[PDB]
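Remarks on the structure that follows.
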Number of protein chains: 2
Amino acid sequence: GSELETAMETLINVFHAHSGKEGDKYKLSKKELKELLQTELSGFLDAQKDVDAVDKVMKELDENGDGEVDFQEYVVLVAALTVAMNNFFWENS
Amino acid sequence: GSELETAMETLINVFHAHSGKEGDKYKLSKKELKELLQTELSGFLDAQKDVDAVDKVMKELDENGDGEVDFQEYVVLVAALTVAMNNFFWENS
Ligand SMILES: [Ca+2]
Ligand SMILES: [Ca+2]
Ligand SMILES: [Ca+2]
Ligand SMILES: [Ca+2]
């Protein structure tokens, strides 16, 4: 498998483990998601009031409007954040 | 950095290297994208006529309708495919 595929598997393992740790194993609640990204993602720095925006972005990602996310919503949710790291990269180099 | 972040960096390195290899370094053409995913992604098996759908999905991902993709479009483009691997996982176990 390509390195991209190797990296991809990582998303499932972390999603499954963290999701499994709290709440229903099958579903990840927003509360679990917020804690997951805040701790695991550099966004921790954005934990301040900026973190509130996290609530705002969930609405757009969730077509259901349910407030809950599925693996499909999660993969795109992290993908959007990934772009931010790219922005950060600009700061270095 | 979290494992997810470690895996995330992989997307940039592969995107940059492959994109850099052919065409403009700054932009990735669809032709380059098709070859990249076909070879690097298991989708290689789907290289058959199914591969044609690859053209169809690009239209939805590209808001511009330009036929070209940016890192932002690419990250979501791979994210959609990622879900397919999950489907594959069901076959195993
Ligand atoms: Ca859960
Ligand atoms: Ca939802
Ligand atoms: Ca290129
Ligand atoms: Ca485009």
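Letters A, B, ... go to the chains of the structure tokens in the order shown; residues in each chain start at 1; ligands are counted from 1 in the same order.
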
Mind dumping a table of every chain B residue within 12 Å of ligand 4, with the nearest atom pair and its distance in Å to one decimal, using only C-alpha atoms and all ligand atoms, sorted by chain and rising number, as a Markdown table?
| residue | atom | partner | partner_atom_place_in_ligand_line | distance |
| --- | --- | --- | --- | --- |
| B:27 | CA | ligand 4 | 1 (Ca) | 10.1 |
| B:28 | CA | ligand 4 | 1 (Ca) | 10.1 |
| B:29 | CA | ligand 4 | 1 (Ca) | 9.9 |
| B:30 | CA | ligand 4 | 1 (Ca) | 10.0 |
| B:58 | CA | ligand 4 | 1 (Ca) | 8.9 |
| B:59 | CA | ligand 4 | 1 (Ca) | 8.8 |
| B:60 | CA | ligand 4 | 1 (Ca) | 9.9 |
| B:61 | CA | ligand 4 | 1 (Ca) | 7.7 |
| B:62 | CA | ligand 4 | 1 (Ca) | 4.5 |
| B:63 | CA | ligand 4 | 1 (Ca) | 6.0 |
| B:64 | CA | ligand 4 | 1 (Ca) | 4.7 |
| B:65 | CA | ligand 4 | 1 (Ca) | 6.1 |
| B:66 | CA | ligand 4 | 1 (Ca) | 5.2 |
| B:67 | CA | ligand 4 | 1 (Ca) | 6.0 |
| B:68 | CA | ligand 4 | 1 (Ca) | 4.7 |
| B:69 | CA | ligand 4 | 1 (Ca) | 4.3 |
| B:70 | CA | ligand 4 | 1 (Ca) | 6.0 |
| B:71 | CA | ligand 4 | 1 (Ca) | 9.4 |
| B:72 | CA | ligand 4 | 1 (Ca) | 8.9 |
| B:73 | CA | ligand 4 | 1 (Ca) | 6.7 |
| B:74 | CA | ligand 4 | 1 (Ca) | 9.3 |
| B:76 | CA | ligand 4 | 1 (Ca) | 11.9 |
| B:77 | CA | ligand 4 | 1 (Ca) | 11.2 |

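Neighbouring residues of ligand 3 at a cut-off of 12 Å, counting only C-alpha atoms and all ligand atoms, are residues 14, 15, 16, 17, 18, 19, 20, 21, 22, 23, 24, 25, 26, 27, 28, 29, 30, 31, 32, 33, 34, 35, 36, 68, 69, 70 and 71 of chain B.
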
With a distance threshold of 6 Å and counting only C-alpha atoms, extract the residues of chain B near chain A and express them as an mmCIF file with C-alpha atoms, in the first residue's frame.
data_model
loop_
_atom_site.group_PDB
_atom_site.id
_atom_site.type_symbol
_atom_site.label_atom_id
_atom_site.label_comp_id
_atom_site.auth_asym_id
_atom_site.auth_seq_id
_atom_site.Cartn_x
_atom_site.Cartn_y
_atom_site.Cartn_z
ATOM 1 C CA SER B 2 -0.701 13.119 17.248
ATOM 2 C CA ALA B 7 -0.358 10.766 8.905
ATOM 3 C CA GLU B 40 -0.907 4.711 -5.311
ATOM 4 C CA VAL B 75 -7.579 16.730 0.614
ATOM 5 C CA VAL B 76 -11.332 16.313 0.327
ATOM 6 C CA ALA B 79 -11.113 11.845 2.027
#

When DSSP works through the backbone of this structure, what residues of chain B end up as alpha helix (DSSP H), shown as a CSV table (one decimal) with N, CA and C atoms, in the first residue's frame?
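Final output, saved to states-v4.csv:
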chain,number,residue,atom,x,y,z
B,3,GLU,N,-0.8,11.0,16.1
B,3,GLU,CA,-0.6,10.1,15.0
B,3,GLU,C,-1.3,10.6,13.8
B,4,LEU,N,-2.5,11.2,14.0
B,4,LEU,CA,-3.3,11.7,12.9
B,4,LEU,C,-2.5,12.8,12.2
B,5,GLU,N,-1.9,13.7,13.0
B,5,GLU,CA,-1.1,14.7,12.4
B,5,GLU,C,0.1,14.2,11.7
B,6,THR,N,0.7,13.1,12.2
B,6,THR,CA,1.8,12.5,11.5
B,6,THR,C,1.4,11.9,10.2
B,7,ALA,N,0.2,11.3,10.1
B,7,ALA,CA,-0.4,10.8,8.9
B,7,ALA,C,-0.7,11.9,7.9
B,8,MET,N,-1.2,13.0,8.5
B,8,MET,CA,-1.6,14.1,7.7
B,8,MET,C,-0.4,14.7,6.9
B,9,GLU,N,0.7,14.8,7.5
B,9,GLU,CA,1.9,15.3,6.8
B,9,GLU,C,2.2,14.5,5.6
B,10,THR,N,1.9,13.2,5.7
B,10,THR,CA,2.1,12.3,4.5
B,10,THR,C,1.4,12.8,3.3
B,11,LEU,N,0.2,13.4,3.5
B,11,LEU,CA,-0.5,13.8,2.3
B,11,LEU,C,0.2,14.9,1.5
B,12,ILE,N,0.8,15.9,2.3
B,12,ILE,CA,1.5,17.0,1.7
B,12,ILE,C,2.8,16.5,1.0
B,13,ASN,N,3.5,15.6,1.6
B,13,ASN,CA,4.8,15.1,1.0
B,13,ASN,C,4.5,14.4,-0.3
B,14,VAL,N,3.5,13.5,-0.4
B,14,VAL,CA,3.1,12.8,-1.6
B,14,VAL,C,2.5,13.7,-2.6
B,15,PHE,N,1.7,14.7,-2.2
B,15,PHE,CA,1.1,15.6,-3.1
B,15,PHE,C,2.2,16.4,-3.8
B,16,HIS,N,3.1,17.0,-2.9
B,16,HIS,CA,4.2,17.8,-3.4
B,16,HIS,C,5.1,17.1,-4.3
B,17,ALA,N,5.5,15.8,-3.9
B,17,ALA,CA,6.5,15.1,-4.7
B,17,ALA,C,5.8,14.7,-6.1
B,18,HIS,N,4.7,14.0,-6.0
B,18,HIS,CA,4.0,13.6,-7.3
B,18,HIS,C,3.7,14.8,-8.2
B,19,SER,N,3.1,15.8,-7.5
B,19,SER,CA,2.7,17.0,-8.3
B,19,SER,C,4.0,17.6,-8.9
B,20,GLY,N,5.0,17.7,-8.2
B,20,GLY,CA,6.3,18.2,-8.6
B,20,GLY,C,6.9,17.5,-9.8
B,21,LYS,N,6.8,16.1,-9.7
B,21,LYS,CA,7.3,15.3,-10.8
B,21,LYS,C,6.8,15.6,-12.2
B,30,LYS,N,-5.5,17.1,-13.6
B,30,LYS,CA,-6.3,15.9,-13.4
B,30,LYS,C,-5.5,14.7,-13.9
B,31,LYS,N,-4.8,14.8,-15.0
B,31,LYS,CA,-4.1,13.7,-15.6
B,31,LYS,C,-3.1,13.2,-14.5
B,32,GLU,N,-2.4,14.1,-13.8
B,32,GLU,CA,-1.5,13.8,-12.8
B,32,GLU,C,-2.2,13.1,-11.6
B,33,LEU,N,-3.4,13.6,-11.3
B,33,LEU,CA,-4.2,13.1,-10.2
B,33,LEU,C,-4.7,11.7,-10.5
B,34,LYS,N,-5.1,11.4,-11.7
B,34,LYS,CA,-5.6,10.1,-12.1
B,34,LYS,C,-4.5,9.1,-12.0
B,35,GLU,N,-3.3,9.4,-12.5
B,35,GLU,CA,-2.2,8.5,-12.4
B,35,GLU,C,-1.8,8.3,-11.0
B,36,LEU,N,-1.8,9.4,-10.2
B,36,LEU,CA,-1.4,9.3,-8.8
B,36,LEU,C,-2.3,8.3,-8.0
B,37,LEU,N,-3.6,8.5,-8.1
B,37,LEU,CA,-4.5,7.7,-7.3
B,37,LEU,C,-4.6,6.3,-7.9
B,38,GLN,N,-4.5,6.2,-9.2
B,38,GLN,CA,-4.6,4.8,-9.8
B,38,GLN,C,-3.5,4.0,-9.4
B,39,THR,N,-2.3,4.5,-9.4
B,39,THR,CA,-1.1,3.7,-9.0
B,39,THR,C,-0.9,3.6,-7.5
B,40,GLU,N,-1.1,4.7,-6.8
B,40,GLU,CA,-0.9,4.7,-5.3
B,40,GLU,C,-2.1,4.1,-4.5
B,53,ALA,N,-15.3,6.8,-14.0
B,53,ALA,CA,-16.1,7.5,-13.0
B,53,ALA,C,-15.2,8.6,-12.3
B,54,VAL,N,-13.9,8.4,-12.3
B,54,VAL,CA,-13.0,9.3,-11.8
B,54,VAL,C,-13.2,10.7,-12.4
B,55,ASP,N,-13.5,10.7,-13.7
B,55,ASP,CA,-13.8,12.0,-14.3
B,55,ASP,C,-15.1,12.6,-13.7
B,56,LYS,N,-16.1,11.7,-13.5
B,56,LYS,CA,-17.3,12.2,-13.0
B,56,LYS,C,-17.2,12.8,-11.6
B,57,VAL,N,-16.4,12.2,-10.7
B,57,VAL,CA,-16.3,12.7,-9.3
B,57,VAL,C,-15.6,14.0,-9.3
B,58,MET,N,-14.6,14.2,-10.2
B,58,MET,CA,-13.9,15.5,-10.2
B,58,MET,C,-14.8,16.7,-10.4
B,59,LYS,N,-15.8,16.6,-11.2
B,59,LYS,CA,-16.7,17.7,-11.4
B,59,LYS,C,-17.4,18.2,-10.1
B,60,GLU,N,-17.8,17.2,-9.3
B,60,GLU,CA,-18.5,17.6,-8.0
B,60,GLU,C,-17.5,18.2,-7.0
B,61,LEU,N,-16.3,17.7,-7.0
B,61,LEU,CA,-15.3,18.2,-6.1
B,61,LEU,C,-14.8,19.6,-6.5
B,71,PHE,N,-4.8,22.1,-3.4
B,71,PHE,CA,-4.6,21.2,-2.3
B,71,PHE,C,-5.9,21.0,-1.5
B,72,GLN,N,-6.6,22.1,-1.4
B,72,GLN,CA,-7.9,22.0,-0.7
B,72,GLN,C,-8.9,21.1,-1.3
B,73,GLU,N,-8.9,21.1,-2.6
B,73,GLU,CA,-9.8,20.1,-3.3
B,73,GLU,C,-9.3,18.7,-3.2
B,74,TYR,N,-7.9,18.6,-3.2
B,74,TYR,CA,-7.3,17.3,-3.1
B,74,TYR,C,-7.5,16.6,-1.8
B,75,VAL,N,-7.4,17.3,-0.7
B,75,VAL,CA,-7.6,16.7,0.6
B,75,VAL,C,-9.0,16.1,0.8
B,76,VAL,N,-10.0,16.8,0.2
B,76,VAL,CA,-11.3,16.3,0.3
B,76,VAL,C,-11.5,15.2,-0.7
B,77,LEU,N,-10.8,15.3,-1.8
B,77,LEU,CA,-10.9,14.3,-2.8
B,77,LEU,C,-10.5,12.9,-2.3
B,78,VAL,N,-9.4,12.9,-1.6
B,78,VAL,CA,-8.8,11.7,-1.0
B,78,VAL,C,-9.7,11.2,0.2
B,79,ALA,N,-10.3,12.2,0.9
B,79,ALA,CA,-11.1,11.8,2.0
B,79,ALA,C,-12.3,11.0,1.6
B,80,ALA,N,-12.9,11.4,0.5
B,80,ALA,CA,-14.1,10.6,0.0
B,80,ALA,C,-13.7,9.2,-0.3
B,81,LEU,N,-12.5,9.0,-0.9
B,81,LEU,CA,-12.0,7.7,-1.3
B,81,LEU,C,-11.8,6.9,0.0
B,82,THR,N,-11.3,7.6,1.0
B,82,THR,CA,-11.0,7.0,2.3
B,82,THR,C,-12.2,6.2,2.8
B,83,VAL,N,-13.3,6.7,2.6
B,83,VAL,CA,-14.5,6.0,3.1
B,83,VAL,C,-14.7,4.7,2.4
B,84,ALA,N,-14.3,4.6,1.1
B,84,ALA,CA,-14.4,3.4,0.4
B,84,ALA,C,-13.5,2.3,1.1
B,85,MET,N,-12.4,2.6,1.6
B,85,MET,CA,-11.5,1.6,2.2
B,85,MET,C,-12.3,1.1,3.4
B,86,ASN,N,-13.0,1.9,4.1
B,86,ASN,CA,-13.8,1.5,5.2
B,86,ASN,C,-14.8,0.4,4.8
B,87,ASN,N,-15.4,0.7,3.6
B,87,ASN,CA,-16.3,-0.3,3.1
B,87,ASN,C,-15.6,-1.6,2.8
B,88,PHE,N,-14.4,-1.5,2.3
B,88,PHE,CA,-13.6,-2.7,2.0
B,88,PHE,C,-13.3,-3.5,3.3
B,89,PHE,N,-13.0,-2.7,4.4
B,89,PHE,CA,-12.7,-3.3,5.7
B,89,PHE,C,-13.8,-4.3,6.1
B,90,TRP,N,-15.1,-3.9,5.8
B,90,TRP,CA,-16.2,-4.7,6.1
B,90,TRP,C,-16.0,-6.1,5.5
B,91,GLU,N,-15.4,-6.2,4.3
B,91,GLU,CA,-15.2,-7.5,3.7
B,91,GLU,C,-14.3,-8.4,4.6

Superimposed copy of chain B on chain A by least squares over C-alpha atoms, as a compact mmCIF listing (two decimals) with C-alpha atoms, in the first residue's frame:
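Produced file result-v9.txt, reproduced below:
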# COMPACT_ATOMS: atom_id res chain seq x y z
CA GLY B 1 0.00 0.00 0.00
CA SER B 2 1.09 3.58 -0.68
CA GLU B 3 2.24 5.86 2.11
CA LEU B 4 -1.02 7.74 1.69
CA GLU B 5 -2.90 4.50 2.34
CA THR B 6 -0.71 3.82 5.36
CA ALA B 7 -1.52 7.26 6.73
CA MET B 8 -5.19 6.77 5.92
CA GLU B 9 -5.47 3.69 8.14
CA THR B 10 -4.31 5.86 10.98
CA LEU B 11 -7.56 7.83 10.78
CA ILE B 12 -9.64 4.73 11.37
CA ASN B 13 -7.55 3.44 14.27
CA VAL B 14 -7.68 6.76 16.11
CA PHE B 15 -11.34 7.33 15.30
CA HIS B 16 -12.22 3.83 16.49
CA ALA B 17 -10.10 3.97 19.65
CA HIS B 18 -11.12 7.45 20.77
CA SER B 19 -14.75 6.94 19.77
CA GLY B 20 -14.69 3.60 21.56
CA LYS B 21 -13.26 5.11 24.74
CA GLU B 22 -16.31 7.32 25.33
CA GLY B 23 -19.96 7.06 24.28
CA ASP B 24 -21.25 4.47 21.85
CA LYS B 25 -18.50 2.66 19.97
CA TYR B 26 -20.50 2.92 16.74
CA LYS B 27 -20.97 6.70 16.97
CA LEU B 28 -18.83 9.66 17.98
CA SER B 29 -20.58 12.53 19.78
CA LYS B 30 -19.58 16.14 19.19
CA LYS B 31 -18.32 16.31 22.76
CA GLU B 32 -16.02 13.40 22.02
CA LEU B 33 -14.98 15.05 18.74
CA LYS B 34 -14.17 18.37 20.38
CA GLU B 35 -11.98 16.70 22.97
CA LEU B 36 -10.35 14.51 20.34
CA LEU B 37 -9.31 17.35 18.05
CA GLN B 38 -8.50 19.77 20.83
CA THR B 39 -6.05 17.36 22.48
CA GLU B 40 -4.75 15.52 19.40
CA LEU B 41 -4.73 18.46 16.96
CA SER B 42 -2.46 21.49 17.35
CA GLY B 43 -5.75 23.35 17.46
CA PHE B 44 -5.20 22.91 21.19
CA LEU B 45 -3.72 26.41 21.06
CA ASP B 46 -7.04 27.48 19.55
CA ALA B 47 -8.69 25.93 22.60
CA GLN B 48 -9.42 29.51 23.70
CA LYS B 49 -12.62 31.29 22.65
CA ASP B 50 -11.64 30.42 19.09
CA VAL B 51 -12.60 26.85 19.99
CA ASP B 52 -16.21 28.05 19.98
CA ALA B 53 -16.00 28.17 16.18
CA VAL B 54 -15.71 24.41 16.36
CA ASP B 55 -19.43 24.41 17.06
CA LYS B 56 -20.00 26.61 14.00
CA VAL B 57 -18.09 24.37 11.57
CA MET B 58 -19.93 21.22 12.69
CA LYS B 59 -23.20 22.62 11.36
CA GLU B 60 -21.86 22.98 7.82
CA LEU B 61 -20.22 19.54 7.84
CA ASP B 62 -23.35 17.85 9.17
CA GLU B 63 -25.93 17.71 6.40
CA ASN B 64 -28.26 15.95 8.80
CA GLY B 65 -28.07 18.88 11.18
CA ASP B 66 -28.19 16.15 13.82
CA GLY B 67 -25.12 17.50 15.64
CA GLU B 68 -23.61 14.03 15.46
CA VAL B 69 -21.01 12.84 12.97
CA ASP B 70 -20.37 9.66 11.04
CA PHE B 71 -17.05 8.37 9.77
CA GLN B 72 -17.89 9.99 6.44
CA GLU B 73 -18.46 13.37 8.09
CA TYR B 74 -15.34 12.92 10.23
CA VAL B 75 -12.98 12.23 7.33
CA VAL B 76 -14.02 15.46 5.64
CA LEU B 77 -14.03 17.29 8.96
CA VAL B 78 -10.36 16.50 9.52
CA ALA B 79 -9.56 17.19 5.87
CA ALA B 80 -10.70 20.79 6.23
CA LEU B 81 -8.45 21.23 9.25
CA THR B 82 -5.59 19.66 7.30
CA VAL B 83 -5.61 22.68 5.04
CA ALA B 84 -4.93 24.88 8.08
CA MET B 85 -1.69 23.02 8.76
CA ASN B 86 -0.68 23.89 5.23
CA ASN B 87 -1.27 27.53 6.11
CA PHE B 88 0.91 27.02 9.17
CA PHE B 89 3.63 25.54 6.97
CA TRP B 90 3.85 28.90 5.23
CA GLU B 91 5.02 30.36 8.54
CA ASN B 92 7.99 27.99 8.43
CA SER B 93 10.41 28.20 5.51
